[PDB]
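Here is what each chain is made of, one letter per residue.
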Amino acid sequence: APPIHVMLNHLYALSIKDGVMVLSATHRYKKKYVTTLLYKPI
Amino acid sequence: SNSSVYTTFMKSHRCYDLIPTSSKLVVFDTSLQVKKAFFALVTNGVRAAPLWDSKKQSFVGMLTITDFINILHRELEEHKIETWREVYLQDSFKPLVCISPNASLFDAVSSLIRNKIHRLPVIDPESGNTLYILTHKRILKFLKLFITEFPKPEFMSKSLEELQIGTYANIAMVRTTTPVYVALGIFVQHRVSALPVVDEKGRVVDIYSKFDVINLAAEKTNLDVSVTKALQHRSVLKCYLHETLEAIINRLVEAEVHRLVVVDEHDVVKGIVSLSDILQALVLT
Amino acid sequence: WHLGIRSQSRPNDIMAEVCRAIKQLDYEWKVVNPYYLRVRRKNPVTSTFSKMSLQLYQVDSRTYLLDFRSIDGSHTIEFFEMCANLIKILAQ
Ligand SMILES: Nc1ncnc2c1ncn2[C@@H]1O[C@H](COP(=O)(O)O)[C@@H](O)[C@H]1O
Ligand SMILES: Nc1ncnc2c1ncn2[C@@H]1O[C@H](COP(=O)(O)O)[C@@H](O)[C@H]1O
C-alpha cells in the first residue's frame, strides 16, 4: 500500500480565497532560505 | 582610505551579504486584479512586490505605491495589473531594473539612484529566482552596523551645511488647507515621496506621503477634504543645518523613517535630506 | 498552510487521474514507483526544462496526500505554475 526541514522544496497552499490562489515553498540559495508566496488568479 | 572607507566597504560586499538567513518574498502574477493586489500588500505588511508575467515567463518590474498614485490620479480596482501597466506601456518604457546576488552593494546604491527607483530586486542569474528586494533603508542599516564600529572619517563630523547634502530648492510642499486631490497632482508632477505640510506662515506642521493618499482612497469616503482633515484618519522628524552628518544618519536610521525635514529655528522648512541623499553622499562619493 | 493536496478516492484512481492530468498538460513523466512520479516540461517560451516529483502519501484510515516537490524565467515560479496547472485539472 502507498507510502506513509524536509519540507524544503515542497509545495504549500493557502485555501483559495475570493478568486485568488496562493502557492508557496521554501527554496535554498547558498546558505540563505527564501520562502516564496505567489499570488495568481484562478 | 579613511575618508572613503564607506565606498571601499560597499565595493567589497555583495548584495547577498545583507539577505536574511530566512526571508519571505511575496510575488504577484500580473493578471491579479489591482484591488486584490493591494489587500495582499496590506495583509503581508509590505510596500511593494515583484511582478511575474506568465505570458512572458519573466519578471517585468515592481508594483509600488507610486503606481497606485498614477492610476488613482487618472472600476480602477477591478482591472488587472497588466492592463494598467499596458496603459503606460510600462514594460517597454521602464523595463525591470534588477541586480545579481554577487553584485556589489555599491552597484546597488548606484543603480537605485541612477534609475530613480526605490525597490531593487535581487535576482539570481542562474535560476532566475528573485531572492530579495533591496531598499535604501536596508542598505543604510547594513552600512550603519559598519559605521558605528569602525574609525569614522573626519567628514562624518562636518555639518550638513558644510557637506551640502540634501535638496534645498524647488521643495514641493502642501498647506494644511490643501485638498488631498491637489496633493495627488503634485506627487505625479514632482515625482516625490513625501510632502511637508506647512501652516499659514509656511512652518512645517506635518508630513504627507503617497501612502497617506492611497490609504484615504481605500476608505472610499472623495479627496476634496484638506490634508490635515485627511491626516486625522491616520493610525515630524526634522534636522538642523548645524548638525553632524553622523547625528543625522543616527536620527534617520533608528526612527526608521525615509527622510528628514531640514528646518529653520522657527521650523520653517529649508529643505529635505532623504536616505538616497545620504547614500549618495556616503557611498557614491 | 496546507502541504500538497488531498483526496479520499482510491490510490489506483488518484494515480490514474494524475497521469491523465499529466497527459493533457503534454508533460513528460516517469513512473519510478506505483505511487511516486517524476515530471518534466520544456518551457514553450524560454525553451528550458523544469522538473518536479509527485509522491502519494497516506495520512489516515481513508485519506491520501499528494506531495509536490521541486527538483534542482524562474525555477521557483515555474514550479508553482506546473503545479497550478495540475491541481486545476485534478480539481475539475
Ligand atoms: N526595480 C524596478 N524596476 C523597474 N521599475 C521599477 C523598479 N522599482 C520601481 N519601479 C517603478 O518606478 C516607479 C517608482 O517606484 P518607487 O520609486 O519604487 O516608488 C513605479 O512606477 C515603479 O513601477
Ligand atoms: N518634498 C520634496 N520636495 C523636493 N524635493 C524632494 C522632496 N522630498 C524629497 N526630495 C528630493 O528628491 C530626491 C529623492 O528623494 P526620496 O523620494 O525621498 O527618495 C532626494 O534627493 C530628495 O532630496
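Residues numbered from 1 in each chain as written, not as in the entry; some residues may be left out. Chains lettered and ligands numbered in written order. Heavy atoms only, no water.

Method of structure determination, per the deposited record: X-ray crystallography was used for this entry, reaching 2.5060 Å resolution.

If you check the PDB entry, chain C appears there as 5'-AMP-activated protein kinase catalytic subunit alpha-1 from Rattus norvegicus. The record lists the entry's title as "Co-crystal of AMPK core with ATP soaked with AMP".

Looking up chain B in the PDB entry gives the name 5'-AMP-activated protein kinase subunit gamma-1, with the organism given as Rattus norvegicus. Checking UniProt for chain B, the heading Subunit contains the comment "AMPK is a heterotrimer of an alpha catalytic subunit (PRKAA1 or PRKAA2), a beta (PRKAB1 or PRKAB2) and a gamma non-catalytic subunits (PRKAG1, PRKAG2 or PRKAG3). Interacts with FNIP1 and FNIP2." The Sequence similarities comment attached to chain B in UniProt states, word for word, "Belongs to the 5'-AMP-activated protein kinase gamma subunit family." (UniProt positions renumbered as here; feature names shortened; annotations may be inferred.)

Colleague: Teacher, can you tell me more about the pairing of strand β10 (residues 259-263) of chain B here?
Modeller: Residue and element names in this part refer to chain B. Counting buried positions along β10 yields five of five residues, so the element is predominantly enclosed. Taking every second residue as pointing to the same face, both faces of β10 are buried, with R259, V261 and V263 on one and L260 and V262 on the other. Sheet analysis places strand β9 (residues 238-239) next to β10, joined by two bridges and oriented parallel. Note that in β10 the partner of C239 across the bridge is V262. Regarding topology, helix α12 (residues 245-254) serves as the crossover connection from β9 to the parallel β10, and that connection is right-handed. In this structure, β10 lies alongside strand β11 (residues 269-274), joined through five bridges in antiparallel fashion. Within β11, the position partnered with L260 by the bridge is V273. Connecting β10 to the next strand, β11, in antiparallel fashion are five residues, including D267 with a positive phi near 60°. (Buried < 20%, exposed > 50% of the residue type's maximum accessible area, 1.4 Å probe, protein only. Helix = DSSP H or I, 4+ residues; strand = E, 2+ residues; numbered from the N terminus. Pairing = 2+ DSSP bridges. Right-handed = clockwise from strand over helix to strand, strands pointing away.)

Colleague: Would you take a moment to explain the sheet that holds strand β7 (residues 194-198) of chain B for this structure?
Modeller: Within a beta sheet, neighbouring strands are joined by backbone hydrogen bonds and run either parallel or antiparallel to one another. Residue and element names in this part refer to chain B. If you walk across this open sheet you meet the three strands as β6-β7-β8, and the pairing is mixed. For this open sheet the edge positions go to β6 (174-175) and β8 (204-209), each flanked by a neighbour on one side alone. Where β6 and β7 come together, two bridges link them in parallel fashion. Of the residues in β7, the one forming a bridge with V174 is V197.

Colleague: Explanation requested: the sheet that holds strand β3 (residues 32-41) of chain A in the structure shown.
Modeller: With mixed pairing, seven strands are arranged side by side in an open sheet as β3(B)-β2(B)-β1(B)-β3(A)-β2(A)-β1(A)-β1(C). Both edges of this open sheet fall to β3 (58-63) of chain B together with β1 (2-3) of chain C, since each of them pairs with a single strand only. The pairing of strand β1 (residues 12-17) of chain A with β1 of chain C spans two bridges and is classified as antiparallel. Counterpart to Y12 of chain A in the pairing with β1 of chain C is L3 of chain C. Across the sheet, helix α2 (residues 75-91) of chain C lies against β2 (20-29) and β3 of chain A together with β1 (22-29), β2 (49-53) and β3 of chain B, angled at about 140° from β2 of chain A, the strand it touches most. (Contact = heavy atoms within 4.5 Å. Axes fitted to C-alpha atoms, helices over the stretch in contact; angles between N-to-C directions.)

Colleague: I would appreciate a short explanation of the site of ligand 2 in the present structure.
Modeller: Residues and elements named next belong to chain B. Taken together, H118, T167, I171, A172, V192, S193, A194, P196, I272, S274, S276 and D277 make up the full set of residues near ligand 2. Between ligand 2 and the protein, one listed contact pairs an oxygen atom with a side-chain N or O atom of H118 at 2.9 Å. A distance of 3.4 Å is found between an oxygen atom of ligand 2 and a side-chain nitrogen or oxygen belonging to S276. Coverage of ligand 2 by the protein amounts to 82% of the 480 Å² it exposes when considered alone. Residue assignment for the shell around ligand 2 shows that the elements contributing at least two residues are β7, β11 and α13 (275-282). Residues of the shell around ligand 2, tallied by class, amount to six nonpolar, five polar and one charged. (Near = heavy atom within 4 Å. Polar contact = N/O pair within 3.5 Å; in protein donor to acceptor, adjacent residues only side chain to side chain. Areas by Shrake-Rupley, 256 points an atom, 1.4 Å probe, with all protein chains shown as cover. Nonpolar A, V, L, I, M, F, W, Y, C, P; charged D, E, K, R; others polar.)

Colleague: In this structure, what is going on with the site of ligand 1? I would like to understand it.
Modeller: All names here are of chain B. Around ligand 1 sit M62, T64, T66, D67, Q90, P95, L96, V97, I117, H118, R119 and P121, and those are all the residues in its vicinity. Within the side chain of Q90, an N or O atom sits 2.9 Å from an oxygen atom of ligand 1. Contact with the protein chains covers 90% of the free accessible surface of ligand 1, which is 480 Å². Counted by class, the shell around ligand 1 contains six nonpolar, four polar and two charged residues.

Colleague: Just checking my understanding: could you explain the packing of α12 of chain B against α13 of chain B for this structure?
Modeller: The angle between the axes and the distance between the axes are what describe a pair of packed helices. All names here are of chain B. For the pair α12 and α13, interaxial distance at closest approach is 11 Å and the crossing angle is 135°. Taken together, the axes of α12 and α13 are oblique relative to one another. The handedness of the crossing between α12 and α13 is left-handed. Each of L245, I248, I249 and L252 in α12 lies in contact with α13, whose residues at this interface are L275, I278 and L282. Of the residues contributing to the contact of α12 with α13, the split by class is seven nonpolar, no polar and no charged. (Parallel < 35°, antiparallel > 145°, perpendicular 65-115°, else oblique. Left-handed = near helix turned anticlockwise from the far one by under 90°.)

Colleague: Even after reading the chapter, I still don't get helix α3 (residues 65-73) of chain B, so can you show me in this structure?
Modeller: In an α-helix, one turn spans 3.6 residues, which is why side chains three or four residues apart end up on the same side. Among all positions of α3 of chain B, only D67, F68, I69 and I71 of chain B are buried. Tucked into the core, α3 of chain B has its buried residues touching α2 (34-44), β3, α4 (81-87), α5 (90-93), α9 (180-190) and α10 (210-219) of chain B.

Colleague: I keep staring at the interface of chain B and chain A and nothing clicks. Help me out?
Modeller: Size of an interface: often given as the accessible area lost when the parts come together. Contact with chain B, which involves 25 residues of that partner, is made by 16 residues of chain A. A combined buried area of about 1,700 Å² lies between chain B and chain A, and 57% of that area is made up of carbon and sulfur atoms. Considering only the side of chain B, the residues that lose the most area to chain A are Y16, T21 and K36 of chain B, jointly responsible for 28% of the buried surface there. Summed over the shared surface of chain B and chain A, the result is zero salt bridges. (Buried area = accessible area lost by both parts, 1.4 Å probe. Salt bridge = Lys/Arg side-chain N within 4 Å of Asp/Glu carboxyl O.)

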